[PDB]
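For reference, the structure discussed in these notes is given below.
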Amino acid sequence: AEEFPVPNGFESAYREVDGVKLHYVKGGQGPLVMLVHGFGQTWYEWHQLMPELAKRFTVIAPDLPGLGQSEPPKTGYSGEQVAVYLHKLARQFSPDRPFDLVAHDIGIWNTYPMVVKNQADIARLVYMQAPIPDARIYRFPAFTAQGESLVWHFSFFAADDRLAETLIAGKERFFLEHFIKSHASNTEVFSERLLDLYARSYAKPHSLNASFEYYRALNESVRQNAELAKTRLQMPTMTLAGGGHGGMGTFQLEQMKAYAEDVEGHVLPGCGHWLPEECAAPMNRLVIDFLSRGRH
Amino acid sequence: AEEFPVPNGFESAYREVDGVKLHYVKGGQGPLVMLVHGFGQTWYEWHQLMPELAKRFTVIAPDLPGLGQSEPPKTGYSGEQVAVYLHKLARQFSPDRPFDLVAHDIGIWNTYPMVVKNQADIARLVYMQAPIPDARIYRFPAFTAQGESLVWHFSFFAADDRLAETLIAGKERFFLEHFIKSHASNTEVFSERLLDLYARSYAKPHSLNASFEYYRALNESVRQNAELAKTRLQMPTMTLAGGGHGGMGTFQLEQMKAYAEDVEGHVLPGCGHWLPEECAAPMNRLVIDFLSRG
Ligand SMILES: *[C@H](C/C=C\CC)[C@H](O)C/C=C\C/C=C\C/C=C\CCCC(=O)O
Ligand SMILES: *[C@H](C/C=C\CC)[C@H](O)C/C=C\C/C=C\C/C=C\CCCC(=O)O
């Protein structure tokens, strides 16, 4: 069974990593690029970018542990713990060469530790629409004069006594449409049909819980990154952020400059959080061009 | 059928104010003190303070519009709109002399405009455990190094699509116990029976919605207060805040200093948000003494 349709010429497969069965979709030939999705979604957010990248790269798009068709992690949900699974997965397909990494939302949280601890394995890095977990997240406001706070869900999802699962169970499709559209500029791309697909996946009880455990581990991830950030990232890095409703604007590049020696950033006007879907043409072009500098 | 038991010597009654039928509980004799409850609760949070105050004052404790047994407002849920109802209700019982005001949580939001606009009507003022809506609320962090913050509910409750009503329906008792205890230092004061009573009250569909409409109007209340705050408050004021988990600490008095010329403050160590219940005896003492000077 497949939760989302595989693009023509790709395969849906699984790989056991440290006792955890990870789902991924893979296609193409050449150097490896791994695309890592975020909260509320799965590998499928990349399905329009994947065929274009596969003309020059081997492309792998895993489901995060516990999400999509991937089993939950056995160690835990902190960034350093999850990053082990993703690093070992990528290295099974690229054991002797560095690979490229593209990550969105909590995909950033779940990859930053393995990037900084295995810098020689990462050729080029693209991060979009999430803060790297650090002390800056403790200053983001809970309530805004205009629009809506992009970050209050951190506390909702991290609340104890399984508050979020208890309130959202049975209402997953309603909740997902609300939080996707509230973080979007171009809401019209989220058709009822596409929302149905995403909601069906994260309504699996272990996936609903897994989704929130990433936030329950956020303070631990911050503590982990306080140590890791003592070494700046050396590989070429690109940041993308939306400039519209739900977009992080200039914050994405400004924070990355504290982490990376070689970084360029873009703010995409009229685009919110969900860049691959809201602004597919400019986002895909930016990613393909950036990764195509060099061997592919 | 009363939602909460009325103390001896008090009456549960109703008055029509601008076409809205307000519920209140009233007892005592002497100058008027109005006690205004906050989110998650009703007049009943004052039921231990009321008989003590009723020894020296006429005491009235209304249900906020749409909450408890009060009808929803017919104008709106912004602080300036709701404060009209509470001002006119108090004036029905104290038309000829100023009255005292005690408010908790969003009771503050719903009374500050009528205090600043009718200062000759307010003898003494007691505010506990809520910011006056102003630009300071836009700095409160969403997330803390210990986990969930005390303020993320601002955005949960203000969200559209009836987000809060839709997620909380069928889980009202569960959710109320959660936010009571996440804002409490002393949870042992909340019996299963008391949580049952509060949950049954705000689970009424129009009351669950009314609860969150106060937050959907919060930015409008901030904008309203930006003009009202040009006039400082002159009456004697006291602030109270908890010093424990759920408490606002020094924020309550420090904010009030920008609004009030004559203000004293206390922070109650070992107490959280729900001061009339978590720390009833010292809270009551401080309110009674402050109002009884003279
Ligand atoms: C994924 C968010 C996706 C869906 C939310 C239900 C991650 O949980 C968060 C990624 C990005 C948004 C968080 C940080 C915003 C960063 C700084 C800008 C602050 C503005 C503000 O409104 O506070
Ligand atoms: C009622 C809260 C009741 C139940 C919560 C579901 C009001 O909605 C909020 C009133 C008080 C609690 C929130 C405000 C805290 C204010 C500042 C604390 C200081 C933090 C800081 O950043 O300085």
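Please note that chains go A, B, ... in the order of the structure tokens, that every chain numbers its residues from 1, and that ligands are numbered from 1 in the order shown.
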Just want the residues within 6 Å of ligand 2, written as a list in words, counting only C-alpha atoms and all ligand atoms. residues 39, 105, 106, 129, 130, 131, 140, 141, 150, 151, 153, 179, 248 and 251 of chain B
Exercise: residue 247 in chain A partners within 6 Å, only C-alpha atoms, chain neighbours under 6 positions left out, as number ranges by chain: A: 241, 272-273
Per DSSP on the backbone, filter range 73-271 of chain B down to the residues in strand (DSSP E or B) and report them as JSON, numbers by chain. {"B": [99, 100, 101, 102, 103, 104, 122, 123, 124, 125, 126, 127, 128, 141, 143, 144, 147, 148, 233, 237, 238, 239, 240, 241, 242, 260, 263, 264, 265, 266, 267, 268]}
Close residues, residue 203 in chain B itself excluded, 12 Å, only C-alpha atoms, min 5 positions apart in chain, as a PyMOL selection string: chain B and resi 3+40-41+66-68+164-166+168-176+195-198+208-212
For the residues selected in the previous step, produce a file with N, CA, C and O atoms as a CSV table (one decimal), in the first residue's frame.
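Resulting contents of again.csv:
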```csv
chain,number,residue,atom,x,y,z
B,3,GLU,N,-26.1,26.8,38.3
B,3,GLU,CA,-24.9,26.1,37.9
B,3,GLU,C,-23.9,25.9,39.1
B,3,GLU,O,-23.2,24.9,39.2
B,40,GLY,N,-12.5,30.5,32.0
B,40,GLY,CA,-12.6,29.1,32.6
B,40,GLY,C,-13.5,29.1,33.8
B,40,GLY,O,-13.8,28.0,34.3
B,41,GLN,N,-14.0,30.2,34.3
B,41,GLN,CA,-14.7,30.3,35.6
B,41,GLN,C,-15.9,31.2,35.4
B,41,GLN,O,-16.3,31.6,34.3
B,66,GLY,N,-22.2,35.9,28.1
B,66,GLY,CA,-22.0,34.7,27.4
B,66,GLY,C,-21.5,33.5,28.3
B,66,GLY,O,-21.5,32.4,27.8
B,67,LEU,N,-20.9,33.9,29.4
B,67,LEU,CA,-20.4,32.9,30.4
B,67,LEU,C,-21.3,32.7,31.5
B,67,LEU,O,-22.2,33.5,31.8
B,68,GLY,N,-21.1,31.6,32.3
B,68,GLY,CA,-22.0,31.3,33.4
B,68,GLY,C,-23.4,31.3,32.9
B,68,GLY,O,-23.8,30.7,31.9
B,164,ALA,N,-10.6,26.5,18.4
B,164,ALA,CA,-10.7,26.0,19.8
B,164,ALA,C,-12.0,25.3,20.1
B,164,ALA,O,-12.0,24.2,20.7
B,165,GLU,N,-13.2,25.8,19.7
B,165,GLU,CA,-14.4,25.1,19.9
B,165,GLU,C,-14.4,23.8,19.3
B,165,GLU,O,-15.0,22.8,19.8
B,166,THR,N,-13.8,23.7,18.1
B,166,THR,CA,-13.9,22.4,17.3
B,166,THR,C,-13.1,21.4,18.0
B,166,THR,O,-13.5,20.2,18.1
B,168,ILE,N,-12.0,21.4,21.2
B,168,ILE,CA,-12.3,21.2,22.6
B,168,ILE,C,-13.7,20.5,22.8
B,168,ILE,O,-13.9,19.8,23.8
B,169,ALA,N,-14.6,20.6,21.9
B,169,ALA,CA,-15.9,20.0,22.0
B,169,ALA,C,-15.8,18.5,22.2
B,169,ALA,O,-15.0,17.8,21.5
B,170,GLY,N,-16.5,18.0,23.2
B,170,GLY,CA,-16.4,16.6,23.6
B,170,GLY,C,-15.3,16.3,24.6
B,170,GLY,O,-15.2,15.2,25.1
B,171,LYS,N,-14.4,17.3,24.8
B,171,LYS,CA,-13.2,17.1,25.7
B,171,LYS,C,-13.1,18.3,26.6
B,171,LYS,O,-12.0,18.7,27.0
B,172,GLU,N,-14.3,18.9,26.9
B,172,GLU,CA,-14.3,20.2,27.7
B,172,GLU,C,-13.7,20.0,29.1
B,172,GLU,O,-13.0,20.8,29.6
B,173,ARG,N,-14.1,18.8,29.7
B,173,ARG,CA,-13.6,18.5,31.1
B,173,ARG,C,-12.1,18.3,31.1
B,173,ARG,O,-11.4,18.7,32.0
B,174,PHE,N,-11.7,17.5,30.1
B,174,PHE,CA,-10.2,17.2,30.0
B,174,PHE,C,-9.5,18.5,29.8
B,174,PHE,O,-8.4,18.7,30.4
B,175,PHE,N,-10.0,19.4,28.9
B,175,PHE,CA,-9.2,20.6,28.6
B,175,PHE,C,-9.1,21.5,29.8
B,175,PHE,O,-8.1,22.1,30.1
B,176,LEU,N,-10.3,21.6,30.5
B,176,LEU,CA,-10.3,22.5,31.7
B,176,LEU,C,-9.4,22.1,32.8
B,176,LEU,O,-8.7,22.9,33.4
B,195,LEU,N,-14.1,20.9,39.4
B,195,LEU,CA,-13.8,20.9,38.0
B,195,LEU,C,-15.0,20.5,37.2
B,195,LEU,O,-15.2,21.0,36.1
B,196,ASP,N,-15.8,19.5,37.7
B,196,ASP,CA,-17.1,19.2,37.0
B,196,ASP,C,-18.0,20.4,36.8
B,196,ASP,O,-18.5,20.5,35.7
B,197,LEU,N,-18.1,21.2,37.9
B,197,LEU,CA,-19.0,22.3,37.8
B,197,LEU,C,-18.5,23.4,36.8
B,197,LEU,O,-19.3,23.9,36.0
B,198,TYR,N,-17.2,23.7,36.8
B,198,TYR,CA,-16.7,24.7,35.9
B,198,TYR,C,-16.8,24.1,34.4
B,198,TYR,O,-17.1,24.9,33.5
B,208,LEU,N,-18.9,28.1,25.5
B,208,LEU,CA,-17.6,27.7,24.9
B,208,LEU,C,-17.1,28.7,23.8
B,208,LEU,O,-16.0,29.2,23.8
B,209,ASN,N,-18.1,29.1,23.0
B,209,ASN,CA,-17.8,30.1,22.0
B,209,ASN,C,-17.5,31.5,22.6
B,209,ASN,O,-16.5,32.2,22.2
B,210,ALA,N,-18.4,31.9,23.5
B,210,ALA,CA,-18.1,33.2,24.2
B,210,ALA,C,-16.7,33.3,24.8
B,210,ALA,O,-16.0,34.3,24.7
B,211,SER,N,-16.3,32.1,25.4
B,211,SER,CA,-15.0,32.1,26.1
B,211,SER,C,-13.9,32.5,25.1
B,211,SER,O,-13.0,33.3,25.5
B,212,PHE,N,-13.9,32.1,23.9
B,212,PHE,CA,-12.9,32.3,22.9
B,212,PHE,C,-13.1,33.7,22.2
B,212,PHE,O,-12.1,34.3,21.7
```
Check every protein, DNA and RNA residue against ligand 1, keep those with an atom at most 7 Å away (counting only C-alpha atoms and all ligand atoms), and present them as a VMD selection string. chain A and resid 38 to 40 105 to 106 129 to 131 140 to 142 144 148 to 151 153 to 154 179 to 180 183 248 251 273
Identify every residue of chain B that has at least one atom within 6 Å of any atom of chain A, counting only C-alpha atoms, and report the result as a ChimeraX atom specification. /B:138-145,148,152,155,167
9 Å contact set for residue 87 in chain B, only C-alpha atoms, chain neighbours under 4 positions out, as a ChimeraX atom specification: /B:82-83,91-92,111,114-115,118,121
Filtering to C-alpha atoms, could you give me those residues as a compact mmCIF listing (two decimals), in the first residue's frame?
```
# COMPACT_ATOMS: atom_id res chain seq x y z
CA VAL B 82 -18.18 44.43 27.37
CA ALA B 83 -17.21 47.08 29.92
CA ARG B 91 -24.68 51.62 38.36
CA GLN B 92 -28.11 49.99 38.68
CA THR B 111 -13.45 46.41 33.01
CA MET B 114 -15.05 51.62 31.95
CA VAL B 115 -12.68 52.39 34.84
CA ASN B 118 -15.73 56.72 34.42
CA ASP B 121 -17.52 56.01 39.59
```
So which residues touch residue 293 in chain A within 12 Å, counting only C-alpha atoms, skipping near sequence neighbours fewer than 5 positions away, as a ChimeraX atom specification? /A:56,100,123-124,236-237,286-288
Apply DSSP to the backbone of this structure and, from range 237-277 of chain B, keep only the residues in alpha helix (DSSP H); write these as a list in words.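 Secondary structure check on range 237-277 of chain B, alpha helix (DSSP H): residues 251, 252, 253, 254, 255, 256, 257, 258, 259, 275, 276 and 277 of chain B.
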Work out how far CA of residue 31 in chain A is from CA of residue 292 in chain A, in Å to one decimal.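 Taking CA of residue 292 in chain A and CA of residue 31 in chain A, their separation equals 10.6 Å.
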Could you produce a table of the residues of range 127-185 of chain A lying within 12 Å of range 64-81 of chain A, with the nearest pair of atoms per residue and their separation in Å rounded to one decimal, using only C-alpha atoms, ordered by chain and increasing residue number, as CSV?
```
residue,atom,partner,partner_atom,distance
A:132,CA,A:79,CA,9.9
A:133,CA,A:79,CA,8.7
A:134,CA,A:79,CA,11.5
```
I'd like the interatomic distance between CA of residue 183 in chain B and CA of residue 244 in chain B, to a tenth of an Å. 9.5 Å
Show me, as JSON, numbers by chain, the residues that have an atom within 9 Å of residue 127 in chain A when counting only C-alpha atoms, minus same-chain residues fewer than 5 positions from it. {"A": [101, 102, 103, 104, 105, 107, 108, 237, 238, 239, 240, 241, 252]}
Only N, CA, C and O atoms, please: the residues just picked out, written as an mmCIF file, in the first residue's frame.
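Saved the output as selection_10.cif:
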```cif
data_model
loop_
_atom_site.group_PDB
_atom_site.id
_atom_site.type_symbol
_atom_site.label_atom_id
_atom_site.label_comp_id
_atom_site.auth_asym_id
_atom_site.auth_seq_id
_atom_site.Cartn_x
_atom_site.Cartn_y
_atom_site.Cartn_z
ATOM 1 N N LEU A 101 21.819 17.702 0.631
ATOM 2 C CA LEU A 101 20.700 17.662 1.559
ATOM 3 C C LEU A 101 19.792 18.864 1.340
ATOM 4 O O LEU A 101 20.265 20.003 1.306
ATOM 5 N N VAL A 102 18.486 18.605 1.217
ATOM 6 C CA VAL A 102 17.446 19.634 1.197
ATOM 7 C C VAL A 102 16.468 19.307 2.318
ATOM 8 O O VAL A 102 16.010 18.166 2.422
ATOM 9 N N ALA A 103 16.146 20.294 3.157
ATOM 10 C CA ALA A 103 15.280 20.031 4.300
ATOM 11 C C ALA A 103 14.333 21.202 4.527
ATOM 12 O O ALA A 103 14.704 22.360 4.325
ATOM 13 N N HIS A 104 13.113 20.881 4.982
ATOM 14 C CA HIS A 104 12.005 21.819 5.171
ATOM 15 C C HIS A 104 11.462 21.657 6.588
ATOM 16 O O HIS A 104 11.195 20.531 7.015
ATOM 17 N N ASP A 105 11.291 22.761 7.314
ATOM 18 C CA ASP A 105 10.559 22.729 8.597
ATOM 19 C C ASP A 105 11.334 21.812 9.546
ATOM 20 O O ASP A 105 12.569 21.938 9.646
ATOM 21 N N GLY A 107 12.393 18.981 9.227
ATOM 22 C CA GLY A 107 13.509 18.319 8.547
ATOM 23 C C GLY A 107 14.851 18.958 8.868
ATOM 24 O O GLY A 107 15.887 18.275 8.907
ATOM 25 N N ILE A 108 14.857 20.275 9.081
ATOM 26 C CA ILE A 108 16.065 20.976 9.496
ATOM 27 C C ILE A 108 16.508 20.487 10.865
ATOM 28 O O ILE A 108 17.678 20.150 11.074
ATOM 29 N N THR A 237 25.899 26.526 1.376
ATOM 30 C CA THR A 237 24.555 26.458 1.933
ATOM 31 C C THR A 237 23.679 27.516 1.271
ATOM 32 O O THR A 237 24.147 28.625 0.987
ATOM 33 N N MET A 238 22.410 27.175 1.050
ATOM 34 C CA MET A 238 21.397 28.099 0.566
ATOM 35 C C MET A 238 20.200 28.007 1.498
ATOM 36 O O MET A 238 19.796 26.908 1.894
ATOM 37 N N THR A 239 19.649 29.153 1.873
ATOM 38 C CA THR A 239 18.407 29.179 2.625
ATOM 39 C C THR A 239 17.303 29.738 1.742
ATOM 40 O O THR A 239 17.549 30.623 0.914
ATOM 41 N N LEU A 240 16.104 29.188 1.907
ATOM 42 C CA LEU A 240 14.898 29.728 1.307
ATOM 43 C C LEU A 240 13.887 30.028 2.405
ATOM 44 O O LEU A 240 13.782 29.285 3.384
ATOM 45 N N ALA A 241 13.143 31.117 2.240
ATOM 46 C CA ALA A 241 12.041 31.428 3.137
ATOM 47 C C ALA A 241 10.952 32.106 2.323
ATOM 48 O O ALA A 241 11.239 32.782 1.333
ATOM 49 N N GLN A 252 15.466 33.491 8.230
ATOM 50 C CA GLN A 252 16.109 32.243 7.825
ATOM 51 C C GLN A 252 17.575 32.470 7.479
ATOM 52 O O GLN A 252 18.463 31.760 7.970
#
```
How close does each residue of range 40-74 of chain B get to range 17-34 of chain B, giving the shortest atom pair and distance in Å to one decimal for every residue with an atom at most 6 Å away, counting only C-alpha atoms, sorted by chain and residue number, as a tab-separated table?
```
residue	atom	partner	partner_atom	distance
B:54	CA	B:28	CA	4.2
B:57	CA	B:30	CA	4.3
B:58	CA	B:29	CA	4.2
B:59	CA	B:33	CA	5.0
B:60	CA	B:26	CA	4.4
B:61	CA	B:25	CA	5.2
B:62	CA	B:24	CA	3.8
B:63	CA	B:23	CA	5.6
B:69	CA	B:23	CA	5.5
B:70	CA	B:22	CA	4.5
B:71	CA	B:21	CA	5.4
```
Output N, CA and C atoms for every residue in that selection, as a PDB file, in the first residue's frame.
```pdb
ATOM      1  N   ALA B  54     -19.129  40.684  52.454  1.00  0.00           N
ATOM      2  CA  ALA B  54     -20.514  41.071  52.694  1.00  0.00           C
ATOM      3  C   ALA B  54     -20.751  41.522  54.127  1.00  0.00           C
ATOM      4  N   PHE B  57     -19.752  45.370  52.978  1.00  0.00           N
ATOM      5  CA  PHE B  57     -20.094  45.918  51.674  1.00  0.00           C
ATOM      6  C   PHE B  57     -21.298  45.177  51.112  1.00  0.00           C
ATOM      7  N   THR B  58     -21.991  45.829  50.182  1.00  0.00           N
ATOM      8  CA  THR B  58     -22.855  45.121  49.252  1.00  0.00           C
ATOM      9  C   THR B  58     -21.965  44.515  48.178  1.00  0.00           C
ATOM     10  N   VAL B  59     -22.100  43.210  47.939  1.00  0.00           N
ATOM     11  CA  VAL B  59     -21.207  42.489  47.039  1.00  0.00           C
ATOM     12  C   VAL B  59     -22.009  41.957  45.862  1.00  0.00           C
ATOM     13  N   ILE B  60     -21.554  42.245  44.642  1.00  0.00           N
ATOM     14  CA  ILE B  60     -22.179  41.687  43.450  1.00  0.00           C
ATOM     15  C   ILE B  60     -21.107  41.008  42.611  1.00  0.00           C
ATOM     16  N   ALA B  61     -21.391  39.780  42.174  1.00  0.00           N
ATOM     17  CA  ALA B  61     -20.474  38.998  41.344  1.00  0.00           C
ATOM     18  C   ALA B  61     -21.211  38.555  40.087  1.00  0.00           C
ATOM     19  N   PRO B  62     -21.054  39.270  38.975  1.00  0.00           N
ATOM     20  CA  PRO B  62     -21.752  38.894  37.740  1.00  0.00           C
ATOM     21  C   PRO B  62     -21.007  37.819  36.962  1.00  0.00           C
ATOM     22  N   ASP B  63     -21.770  37.081  36.151  1.00  0.00           N
ATOM     23  CA  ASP B  63     -21.171  36.278  35.091  1.00  0.00           C
ATOM     24  C   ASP B  63     -20.920  37.162  33.875  1.00  0.00           C
ATOM     25  N   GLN B  69     -24.295  32.021  33.565  1.00  0.00           N
ATOM     26  CA  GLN B  69     -25.698  32.109  33.177  1.00  0.00           C
ATOM     27  C   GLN B  69     -26.052  33.455  32.549  1.00  0.00           C
ATOM     28  N   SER B  70     -25.067  34.193  32.049  1.00  0.00           N
ATOM     29  CA  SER B  70     -25.329  35.473  31.402  1.00  0.00           C
ATOM     30  C   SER B  70     -25.474  35.290  29.899  1.00  0.00           C
ATOM     31  N   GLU B  71     -26.407  36.032  29.311  1.00  0.00           N
ATOM     32  CA  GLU B  71     -26.556  36.022  27.866  1.00  0.00           C
ATOM     33  C   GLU B  71     -25.323  36.614  27.185  1.00  0.00           C
TER      34      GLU B  71
END
```
Nearest candidate to residue 272 in chain B (options B:234, B:110, B:94, B:185; using only C-alpha atoms):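 Smallest distance to residue 272 in chain B is found for B:185.
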Can you pull out the residues contacting range 215-225 of chain B? Cut-off 7 Å, using only C-alpha atoms, and skip same-chain residues under 4 positions away; I want them as a PyMOL selection string. (chain A and resi 145) or (chain B and resi 77-79+133-135+154+157-158+229)
